[PDB]
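*Asks:* I am sharing work23.pdb, which consists of PDB, C-alpha atoms:
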ATOM      1  CA  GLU A  17     -36.975   4.414  10.413  1.00  0.00           C
ATOM      2  CA  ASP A  18     -34.172   6.119  12.371  1.00  0.00           C
ATOM      3  CA  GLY A  19     -30.965   5.666  10.391  1.00  0.00           C
ATOM      4  CA  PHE A  20     -33.329   5.167   7.477  1.00  0.00           C
ATOM      5  CA  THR A  21     -33.456   8.938   7.023  1.00  0.00           C
ATOM      6  CA  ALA A  22     -31.988  10.726   4.013  1.00  0.00           C
ATOM      7  CA  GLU A  23     -29.538  12.762   6.114  1.00  0.00           C
ATOM      8  CA  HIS A  24     -28.308   9.724   8.063  1.00  0.00           C
ATOM      9  CA  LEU A  25     -28.120   7.256   5.150  1.00  0.00           C
ATOM     10  CA  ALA A  26     -26.156   9.897   3.272  1.00  0.00           C
ATOM     11  CA  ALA A  27     -23.367  10.094   5.847  1.00  0.00           C
ATOM     12  CA  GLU A  28     -23.565   6.339   6.342  1.00  0.00           C
ATOM     13  CA  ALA A  29     -22.644   5.768   2.693  1.00  0.00           C
ATOM     14  CA  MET A  30     -19.443   7.829   2.740  1.00  0.00           C
ATOM     15  CA  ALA A  31     -16.168   5.930   2.286  1.00  0.00           C
ATOM     16  CA  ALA A  32     -12.468   6.804   2.116  1.00  0.00           C
ATOM     17  CA  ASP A  33     -12.635   6.632  -1.692  1.00  0.00           C
ATOM     18  CA  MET A  34     -15.704   6.204  -3.869  1.00  0.00           C
ATOM     19  CA  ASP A  35     -13.997   6.298  -7.263  1.00  0.00           C
ATOM     20  CA  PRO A  36     -13.464   3.287  -9.477  1.00  0.00           C
ATOM     21  CA  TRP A  37     -10.045   1.615  -9.796  1.00  0.00           C
ATOM     22  CA  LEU A  38      -7.971   0.869 -12.913  1.00  0.00           C
ATOM     23  CA  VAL A  39      -7.271  -2.812 -12.498  1.00  0.00           C
ATOM     24  CA  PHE A  40      -5.573  -5.560 -14.439  1.00  0.00           C
ATOM     25  CA  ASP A  41      -6.573  -8.941 -13.012  1.00  0.00           C
ATOM     26  CA  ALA A  42      -4.143 -11.753 -13.842  1.00  0.00           C
ATOM     27  CA  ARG A  43      -6.764 -14.255 -12.681  1.00  0.00           C
ATOM     28  CA  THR A  44      -9.426 -13.253 -15.192  1.00  0.00           C
ATOM     29  CA  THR A  45      -6.921 -11.782 -17.656  1.00  0.00           C
ATOM     30  CA  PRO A  46      -3.706 -13.559 -18.866  1.00  0.00           C
ATOM     31  CA  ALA A  47      -0.312 -12.029 -19.621  1.00  0.00           C
ATOM     32  CA  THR A  48      -0.898 -11.316 -23.299  1.00  0.00           C
ATOM     33  CA  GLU A  49      -2.809  -8.132 -22.571  1.00  0.00           C
ATOM     34  CA  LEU A  50      -0.789  -6.423 -19.816  1.00  0.00           C
ATOM     35  CA  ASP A  51       1.498  -5.121 -22.547  1.00  0.00           C
ATOM     36  CA  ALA A  52      -1.222  -3.020 -24.192  1.00  0.00           C
ATOM     37  CA  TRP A  53      -2.752  -2.371 -20.750  1.00  0.00           C
ATOM     38  CA  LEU A  54       0.424  -0.752 -19.412  1.00  0.00           C
ATOM     39  CA  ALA A  55       0.710   1.326 -22.582  1.00  0.00           C
ATOM     40  CA  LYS A  56      -3.001   2.020 -22.584  1.00  0.00           C
ATOM     41  CA  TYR A  57      -3.137   3.348 -19.004  1.00  0.00           C
ATOM     42  CA  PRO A  58       0.057   4.960 -17.653  1.00  0.00           C
ATOM     43  CA  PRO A  59       0.054   6.734 -14.237  1.00  0.00           C
ATOM     44  CA  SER A  60       1.626   9.944 -15.595  1.00  0.00           C
ATOM     45  CA  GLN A  61      -1.341  10.004 -17.962  1.00  0.00           C
ATOM     46  CA  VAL A  62      -4.211   8.477 -15.957  1.00  0.00           C
ATOM     47  CA  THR A  63      -5.576  11.315 -13.834  1.00  0.00           C
ATOM     48  CA  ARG A  64      -7.087  11.294 -10.341  1.00  0.00           C
ATOM     49  CA  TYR A  65     -10.126  13.142 -11.666  1.00  0.00           C
ATOM     50  CA  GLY A  66     -10.266  12.081 -15.313  1.00  0.00           C
ATOM     51  CA  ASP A  67      -8.906  15.348 -16.707  1.00  0.00           C
ATOM     52  CA  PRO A  68      -9.023  16.029 -20.477  1.00  0.00           C
ATOM     53  CA  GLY A  69      -6.322  14.278 -22.521  1.00  0.00           C
ATOM     54  CA  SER A  70      -6.293  11.379 -20.072  1.00  0.00           C
ATOM     55  CA  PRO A  71      -7.155   7.755 -20.867  1.00  0.00           C
ATOM     56  CA  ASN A  72      -9.782   8.298 -18.169  1.00  0.00           C
ATOM     57  CA  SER A  73     -12.520  10.942 -18.439  1.00  0.00           C
ATOM     58  CA  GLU A  74     -13.464  10.063 -14.868  1.00  0.00           C
ATOM     59  CA  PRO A  75     -11.756   9.948 -11.444  1.00  0.00           C
ATOM     60  CA  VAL A  76      -9.713   6.796 -10.803  1.00  0.00           C
ATOM     61  CA  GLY A  77      -9.011   5.722  -7.246  1.00  0.00           C
ATOM     62  CA  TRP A  78      -6.027   3.534  -8.059  1.00  0.00           C
ATOM     63  CA  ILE A  79      -4.330   1.665 -10.890  1.00  0.00           C
ATOM     64  CA  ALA A  80      -4.042  -1.925  -9.687  1.00  0.00           C
ATOM     65  CA  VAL A  81      -2.728  -5.256 -10.893  1.00  0.00           C
ATOM     66  CA  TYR A  82      -3.658  -8.597  -9.339  1.00  0.00           C
ATOM     67  CA  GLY A  83      -1.695 -11.789  -9.893  1.00  0.00           C
ATOM     68  CA  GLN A  84      -2.827 -15.398  -9.848  1.00  0.00           C
ATOM     69  CA  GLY A  85      -4.181 -15.465  -6.316  1.00  0.00           C
ATOM     70  CA  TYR A  86      -5.006 -12.638  -3.902  1.00  0.00           C
ATOM     71  CA  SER A  87      -7.291 -13.574  -1.014  1.00  0.00           C
ATOM     72  CA  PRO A  88      -8.997 -10.331   0.086  1.00  0.00           C
ATOM     73  CA  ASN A  89      -7.946 -11.244   3.634  1.00  0.00           C
ATOM     74  CA  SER A  90      -7.249  -8.374   6.021  1.00  0.00           C
ATOM     75  CA  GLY A  91      -6.921 -10.856   8.851  1.00  0.00           C
ATOM     76  CA  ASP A  92      -9.494 -10.031  11.514  1.00  0.00           C
ATOM     77  CA  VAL A  93      -9.563  -6.278  12.086  1.00  0.00           C
ATOM     78  CA  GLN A  94     -12.559  -6.810  14.355  1.00  0.00           C
ATOM     79  CA  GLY A  95     -10.839  -7.950  17.535  1.00  0.00           C
ATOM     80  CA  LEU A  96      -7.730  -5.986  16.608  1.00  0.00           C
ATOM     81  CA  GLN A  97      -9.702  -2.745  16.371  1.00  0.00           C
ATOM     82  CA  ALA A  98     -10.919  -3.612  19.864  1.00  0.00           C
ATOM     83  CA  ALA A  99      -7.663  -4.680  21.521  1.00  0.00           C
ATOM     84  CA  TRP A 100      -6.090  -1.375  20.481  1.00  0.00           C
ATOM     85  CA  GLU A 101      -8.948   0.388  22.255  1.00  0.00           C
ATOM     86  CA  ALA A 102      -8.606  -1.687  25.426  1.00  0.00           C
ATOM     87  CA  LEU A 103      -4.914  -0.771  25.638  1.00  0.00           C
ATOM     88  CA  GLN A 104      -5.134   2.989  25.103  1.00  0.00           C
ATOM     89  CA  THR A 105      -7.920   3.297  27.671  1.00  0.00           C
ATOM     90  CA  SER A 106      -5.614   1.946  30.373  1.00  0.00           C
ATOM     91  CA  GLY A 107      -2.478   4.074  30.204  1.00  0.00           C
ATOM     92  CA  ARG A 108      -0.790   0.846  29.121  1.00  0.00           C
ATOM     93  CA  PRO A 109       2.703   1.021  27.534  1.00  0.00           C
ATOM     94  CA  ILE A 110       2.181   1.460  23.782  1.00  0.00           C
ATOM     95  CA  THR A 111       5.357   0.535  21.913  1.00  0.00           C
ATOM     96  CA  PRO A 112       6.198  -0.853  18.452  1.00  0.00           C
ATOM     97  CA  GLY A 113       6.558  -4.049  20.430  1.00  0.00           C
ATOM     98  CA  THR A 114       2.991  -4.125  21.717  1.00  0.00           C
ATOM     99  CA  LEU A 115       1.514  -3.312  18.309  1.00  0.00           C
ATOM    100  CA  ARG A 116       3.609  -6.073  16.762  1.00  0.00           C
ATOM    101  CA  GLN A 117       2.208  -8.563  19.249  1.00  0.00           C
ATOM    102  CA  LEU A 118      -1.220  -7.090  18.512  1.00  0.00           C
ATOM    103  CA  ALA A 119      -1.062  -7.887  14.803  1.00  0.00           C
ATOM    104  CA  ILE A 120      -0.026 -11.411  15.751  1.00  0.00           C
ATOM    105  CA  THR A 121      -2.817 -11.807  18.293  1.00  0.00           C
ATOM    106  CA  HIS A 122      -5.244 -11.355  15.388  1.00  0.00           C
ATOM    107  CA  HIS A 123      -3.596 -12.924  12.326  1.00  0.00           C
ATOM    108  CA  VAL A 124      -3.657  -9.651  10.356  1.00  0.00           C
ATOM    109  CA  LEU A 125      -0.185 -10.026   8.837  1.00  0.00           C
ATOM    110  CA  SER A 126       0.447  -7.906   5.738  1.00  0.00           C
ATOM    111  CA  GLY A 127       2.196  -4.643   5.030  1.00  0.00           C
ATOM    112  CA  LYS A 128       3.202  -2.451   2.138  1.00  0.00           C
ATOM    113  CA  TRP A 129       6.448  -1.198   0.622  1.00  0.00           C
ATOM    114  CA  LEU A 130       5.896   2.442  -0.336  1.00  0.00           C
ATOM    115  CA  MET A 131       7.860   4.650  -2.713  1.00  0.00           C
ATOM    116  CA  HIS A 132       7.109   7.983  -4.394  1.00  0.00           C
ATOM    117  CA  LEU A 133       8.441   8.700  -7.871  1.00  0.00           C
ATOM    118  CA  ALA A 134       8.442  11.874  -9.934  1.00  0.00           C
ATOM    119  CA  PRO A 135       5.753  11.848 -12.668  1.00  0.00           C
ATOM    120  CA  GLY A 136       7.027  10.619 -15.999  1.00  0.00           C
ATOM    121  CA  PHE A 137       9.507   7.981 -17.046  1.00  0.00           C
ATOM    122  CA  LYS A 138      10.636   7.051 -13.545  1.00  0.00           C
ATOM    123  CA  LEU A 139       7.088   6.320 -12.417  1.00  0.00           C
ATOM    124  CA  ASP A 140       5.807   5.078 -15.783  1.00  0.00           C
ATOM    125  CA  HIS A 141       8.859   2.870 -16.413  1.00  0.00           C
ATOM    126  CA  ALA A 142       9.052   1.667 -12.824  1.00  0.00           C
ATOM    127  CA  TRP A 143       5.323   0.957 -12.619  1.00  0.00           C
ATOM    128  CA  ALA A 144       5.287  -0.607 -16.100  1.00  0.00           C
ATOM    129  CA  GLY A 145       8.109  -2.859 -14.959  1.00  0.00           C
ATOM    130  CA  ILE A 146       6.477  -3.625 -11.624  1.00  0.00           C
ATOM    131  CA  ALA A 147       3.176  -4.403 -13.364  1.00  0.00           C
ATOM    132  CA  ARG A 148       5.168  -6.589 -15.707  1.00  0.00           C
ATOM    133  CA  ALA A 149       6.237  -8.577 -12.662  1.00  0.00           C
ATOM    134  CA  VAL A 150       2.827  -9.043 -11.061  1.00  0.00           C
ATOM    135  CA  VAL A 151       1.394 -10.717 -14.148  1.00  0.00           C
ATOM    136  CA  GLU A 152       4.298 -13.205 -13.991  1.00  0.00           C
ATOM    137  CA  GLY A 153       3.640 -14.285 -10.401  1.00  0.00           C
ATOM    138  CA  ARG A 154       6.507 -12.929  -8.274  1.00  0.00           C
ATOM    139  CA  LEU A 155       4.406 -10.383  -6.355  1.00  0.00           C
ATOM    140  CA  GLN A 156       0.815 -10.570  -5.069  1.00  0.00           C
ATOM    141  CA  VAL A 157      -0.560  -7.105  -5.909  1.00  0.00           C
ATOM    142  CA  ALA A 158       0.753  -3.604  -6.599  1.00  0.00           C
ATOM    143  CA  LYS A 159      -0.852  -0.263  -7.435  1.00  0.00           C
ATOM    144  CA  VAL A 160       0.020   3.296  -8.471  1.00  0.00           C
ATOM    145  CA  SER A 161      -2.015   6.471  -7.879  1.00  0.00           C
ATOM    146  CA  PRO A 162      -2.893   8.546 -10.968  1.00  0.00           C
ATOM    147  CA  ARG A 163      -1.545  12.060 -11.425  1.00  0.00           C
ATOM    148  CA  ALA A 164      -3.090  14.736  -9.249  1.00  0.00           C
ATOM    149  CA  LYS A 165      -3.912  18.199 -10.652  1.00  0.00           C
ATOM    150  CA  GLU A 166      -0.986  20.030  -9.057  1.00  0.00           C
ATOM    151  CA  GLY A 167       1.386  17.172  -9.803  1.00  0.00           C
ATOM    152  CA  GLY A 168       3.626  15.750  -7.130  1.00  0.00           C
ATOM    153  CA  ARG A 169       5.528  12.465  -7.009  1.00  0.00           C
ATOM    154  CA  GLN A 170       2.674   9.962  -7.175  1.00  0.00           C
ATOM    155  CA  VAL A 171       2.524   6.739  -5.133  1.00  0.00           C
ATOM    156  CA  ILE A 172       3.530   3.143  -5.748  1.00  0.00           C
ATOM    157  CA  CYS A 173       2.826   0.680  -2.932  1.00  0.00           C
ATOM    158  CA  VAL A 174       3.921  -2.971  -3.143  1.00  0.00           C
ATOM    159  CA  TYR A 175       2.153  -5.644  -1.100  1.00  0.00           C
ATOM    160  CA  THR A 176       3.332  -8.811   0.653  1.00  0.00           C
ATOM    161  CA  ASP A 177       1.380 -11.034   3.032  1.00  0.00           C
ATOM    162  CA  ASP A 178       3.169 -11.431   6.396  1.00  0.00           C
ATOM    163  CA  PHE A 179       5.447  -8.603   7.546  1.00  0.00           C
ATOM    164  CA  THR A 180       6.737 -10.534  10.560  1.00  0.00           C
ATOM    165  CA  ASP A 181       8.582 -12.514   7.879  1.00  0.00           C
ATOM    166  CA  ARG A 182      11.570 -10.381   6.846  1.00  0.00           C
ATOM    167  CA  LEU A 183      12.409 -13.008   4.230  1.00  0.00           C
ATOM    168  CA  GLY A 184       9.161 -12.486   2.347  1.00  0.00           C
ATOM    169  CA  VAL A 185       9.648  -8.750   2.738  1.00  0.00           C
ATOM    170  CA  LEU A 186      13.112  -8.950   1.170  1.00  0.00           C
ATOM    171  CA  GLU A 187      12.001 -11.018  -1.807  1.00  0.00           C
ATOM    172  CA  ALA A 188       9.577  -8.205  -2.594  1.00  0.00           C
ATOM    173  CA  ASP A 189      12.368  -5.671  -2.084  1.00  0.00           C
ATOM    174  CA  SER A 190      14.403  -7.922  -4.377  1.00  0.00           C
ATOM    175  CA  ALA A 191      11.750  -7.902  -7.087  1.00  0.00           C
ATOM    176  CA  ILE A 192      11.398  -4.128  -6.864  1.00  0.00           C
ATOM    177  CA  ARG A 193      15.168  -3.688  -7.255  1.00  0.00           C
ATOM    178  CA  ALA A 194      15.351  -6.143 -10.162  1.00  0.00           C
ATOM    179  CA  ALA A 195      12.839  -3.876 -11.902  1.00  0.00           C
ATOM    180  CA  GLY A 196      15.565  -1.250 -11.741  1.00  0.00           C
ATOM    181  CA  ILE A 197      14.041   0.933  -9.025  1.00  0.00           C
ATOM    182  CA  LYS A 198      16.698   3.048  -7.317  1.00  0.00           C
ATOM    183  CA  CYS A 199      14.254   5.009  -5.168  1.00  0.00           C
ATOM    184  CA  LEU A 200      13.936   4.566  -1.388  1.00  0.00           C
ATOM    185  CA  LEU A 201      11.534   1.924  -0.095  1.00  0.00           C
ATOM    186  CA  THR A 202       9.726   2.129   3.254  1.00  0.00           C
ATOM    187  CA  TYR A 203       7.599  -0.752   4.538  1.00  0.00           C
ATOM    188  CA  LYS A 204       4.368   0.019   6.379  1.00  0.00           C
ATOM    189  CA  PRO A 205       2.278  -2.761   8.056  1.00  0.00           C
ATOM    190  CA  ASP A 206      -1.512  -2.574   7.677  1.00  0.00           C
ATOM    191  CA  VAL A 207      -1.913  -2.317  11.451  1.00  0.00           C
ATOM    192  CA  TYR A 208      -0.201   1.083  11.277  1.00  0.00           C
ATOM    193  CA  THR A 209      -2.502   2.562   8.621  1.00  0.00           C
ATOM    194  CA  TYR A 210      -5.494   0.743  10.130  1.00  0.00           C
ATOM    195  CA  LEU A 211      -5.194   1.673  13.804  1.00  0.00           C
ATOM    196  CA  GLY A 212      -4.317   5.170  12.569  1.00  0.00           C
ATOM    197  CA  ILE A 213      -0.641   5.976  13.101  1.00  0.00           C
ATOM    198  CA  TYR A 214      -0.246   9.303  11.275  1.00  0.00           C
ATOM    199  CA  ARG A 215       3.044  11.198  11.030  1.00  0.00           C
ATOM    200  CA  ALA A 216       2.155  13.923  13.535  1.00  0.00           C
ATOM    201  CA  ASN A 217       1.715  11.098  16.047  1.00  0.00           C
ATOM    202  CA  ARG A 218       1.381  12.305  19.625  1.00  0.00           C
ATOM    203  CA  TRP A 219       2.443   8.814  20.727  1.00  0.00           C
ATOM    204  CA  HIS A 220       5.951   9.085  19.218  1.00  0.00           C
ATOM    205  CA  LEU A 221       5.364   6.011  17.037  1.00  0.00           C
ATOM    206  CA  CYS A 222       6.846   6.118  13.533  1.00  0.00           C
ATOM    207  CA  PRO A 223       4.507   5.010  10.710  1.00  0.00           C
ATOM    208  CA  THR A 224       7.408   3.127   9.085  1.00  0.00           C
ATOM    209  CA  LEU A 225       8.869  -0.253  10.045  1.00  0.00           C
ATOM    210  CA  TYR A 226      11.615  -1.027   7.495  1.00  0.00           C
ATOM    211  CA  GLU A 227      13.520   1.080   4.964  1.00  0.00           C
ATOM    212  CA  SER A 228      15.639   0.305   1.897  1.00  0.00           C
ATOM    213  CA  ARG A 229      18.128   2.316  -0.153  1.00  0.00           C
ATOM    214  CA  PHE A 230      19.660   1.525  -3.541  1.00  0.00           C
ATOM    215  CA  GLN A 231      23.324   0.445  -3.851  1.00  0.00           C
ATOM    216  CA  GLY A 238      22.291  -3.123  -4.137  1.00  0.00           C
ATOM    217  CA  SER A 239      19.818  -2.687  -1.289  1.00  0.00           C
ATOM    218  CA  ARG A 240      20.319  -1.502   2.296  1.00  0.00           C
ATOM    219  CA  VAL A 241      17.317  -2.841   4.219  1.00  0.00           C
ATOM    220  CA  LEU A 242      16.914  -1.575   7.779  1.00  0.00           C
ATOM    221  CA  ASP A 243      14.763  -2.436  10.796  1.00  0.00           C
ATOM    222  CA  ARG A 244      13.604   0.960  12.055  1.00  0.00           C
ATOM    223  CA  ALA A 245      12.187  -0.915  15.066  1.00  0.00           C
ATOM    224  CA  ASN A 246      15.448  -1.986  16.739  1.00  0.00           C
ATOM    225  CA  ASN A 247      17.695  -0.178  14.244  1.00  0.00           C
ATOM    226  CA  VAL A 248      19.223  -3.309  12.698  1.00  0.00           C
ATOM    227  CA  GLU A 249      20.455  -4.109   9.184  1.00  0.00           C
ATOM    228  CA  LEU A 250      18.761  -7.093   7.518  1.00  0.00           C
TER
END
Here is the file; what I need is its structure written in the form of structure tokens.

*Replies:*
Amino acid sequence: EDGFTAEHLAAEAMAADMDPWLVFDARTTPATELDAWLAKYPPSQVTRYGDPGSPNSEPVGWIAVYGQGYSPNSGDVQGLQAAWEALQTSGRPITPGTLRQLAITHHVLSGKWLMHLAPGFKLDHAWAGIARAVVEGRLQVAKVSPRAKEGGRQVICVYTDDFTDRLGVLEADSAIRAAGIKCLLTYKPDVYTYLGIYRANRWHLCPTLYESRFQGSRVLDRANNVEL
């Protein structure tokens, strides 16, 4: 009856985000609808809380598009979320090198290319384009956060499965650029966000792995400072 209490079960049900998600699934839904979908639910319009005048009268966690195939695999955070603990509680040397090996020691290989665009055409046209890619099969999944009351360049994260593979990372970078995105891209592996690697890190570990600037595309390795 313990955790079965109202107070306990209440805190036990809390999650990062409890709001629904605006999703276009290529699996269940072909590529003849995306068109109206993109026009029916733009990120500059779709609001985080479902504000009046929005295509959503209710909070929307994300705006997501899934292509043909998207195993919900996060690897095996279990052991990983244990190995990280065993290391810290040892004074062991924590470096981008040990975390890299960590993600490999648990087959949790997937990261995300992030970018933040100013609300409006840049975001809407970039996202639209990006979501026009997904449905075709060149990317696995991509999302874009809805506007937030006091504006602010919203988010657009692109996903690839296997960061250790710079080649697969670049093809995604390639797709993003082909969509005409001139913004800066920064790749962040799930291990980082998972094992909690904020920006005010006391362990001098950057939350970014790779970066990319328009030209063309200048892709860097912020780990050993090397140009791909």

*Asks:* Since I can't run it myself right now, could you work out what the PyMOL selection byres ((chain A and resi 79-89) around 10) selects here and report it as number ranges by chain?

*Replies:* A: 36-47, 50, 57-59, 62, 76-78, 90-93, 123-126, 143, 146-162, 172-173, 177

*Asks:* Given the file shown, enumerate the residues that the PyMOL selection byres ((chain A and resi 224) around 6) captures and present them as a PyMOL selection string.

*Replies:* chain A and resi 203-204+222-223+225

*Asks:* For residue 228 of chain A, which of A:192, A:68, A:32, A:117 is the closest residue, counting all atoms listed in the file?

*Replies:* A:192

*Asks:* Kindly resolve the PyMOL selection byres ((chain A and resi 135) around 7) on the present coordinates and return the residues as JSON, numbers by chain.

*Replies:* {"A": [60, 133, 134, 136, 137, 138, 139, 169, 170]}

*Asks:* List the neighbours of residue 19 of chain A out to 12 Å using only C-alpha atoms; skip same-chain residues closer than 6 positions along the sequence, and give me the result as a PDB file with C-alpha atoms, keeping the file's coordinate frame.

*Replies:*
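Contents of out.pdb, freshly written:
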ATOM      1  CA  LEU A  25     -28.120   7.256   5.150  1.00  0.00           C
ATOM      2  CA  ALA A  26     -26.156   9.897   3.272  1.00  0.00           C
ATOM      3  CA  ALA A  27     -23.367  10.094   5.847  1.00  0.00           C
ATOM      4  CA  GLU A  28     -23.565   6.339   6.342  1.00  0.00           C
ATOM      5  CA  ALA A  29     -22.644   5.768   2.693  1.00  0.00           C
TER       6      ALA A  29
END

*Asks:* Between atom CA of residue 200 of chain A and atom CA of residue 140 of chain A, what is the spacing in Å?

*Replies:*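 Computed distance, atom CA of residue 140 of chain A to atom CA of residue 200 of chain A, equals 16.5 Å.
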
*Asks:* Which one is closest to residue 180 of chain A: A:120, A:130, A:168, A:199? Count all atoms listed in the file.

*Replies:* A:120

*Asks:* In Å to one decimal, how far is atom CA of residue 176 of chain A from atom CA of residue 241 of chain A?

*Replies:* 15.6 Å

*Asks:* Which is closest to residue 131 of chain A among A:105, A:61, A:72, A:202, if we use only C-alpha atoms?

*Replies:*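 Distance minimum relative to residue 131 of chain A lands on A:202.
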
*Asks:* Could you please determine the separation between atom CA of residue 220 of chain A and atom CA of residue 97 of chain A in Å, to one decimal place?

*Replies:*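 Between atom CA of residue 220 of chain A and atom CA of residue 97 of chain A the gap is 19.8 Å.
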
*Asks:* Of the residues A:163, A:188, A:219, A:22, which is the one nearest to residue 109 of chain A, using all atoms listed in the file?

*Replies:*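 Result for the nearest residue to residue 109 of chain A: A:219.
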
*Asks:* I need the residue nearest residue 51 of chain A from this list: A:75, A:144, A:30, A:100. Use only C-alpha atoms for the distance.

*Replies:*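 Smallest separation from residue 51 of chain A among the options: A:144.
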
*Asks:* Using all atoms listed in the file, which residue out of A:206, A:49, A:101, A:17 lies closest to residue 116 of chain A?

*Replies:*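 Selected residue with least distance to residue 116 of chain A: A:206.
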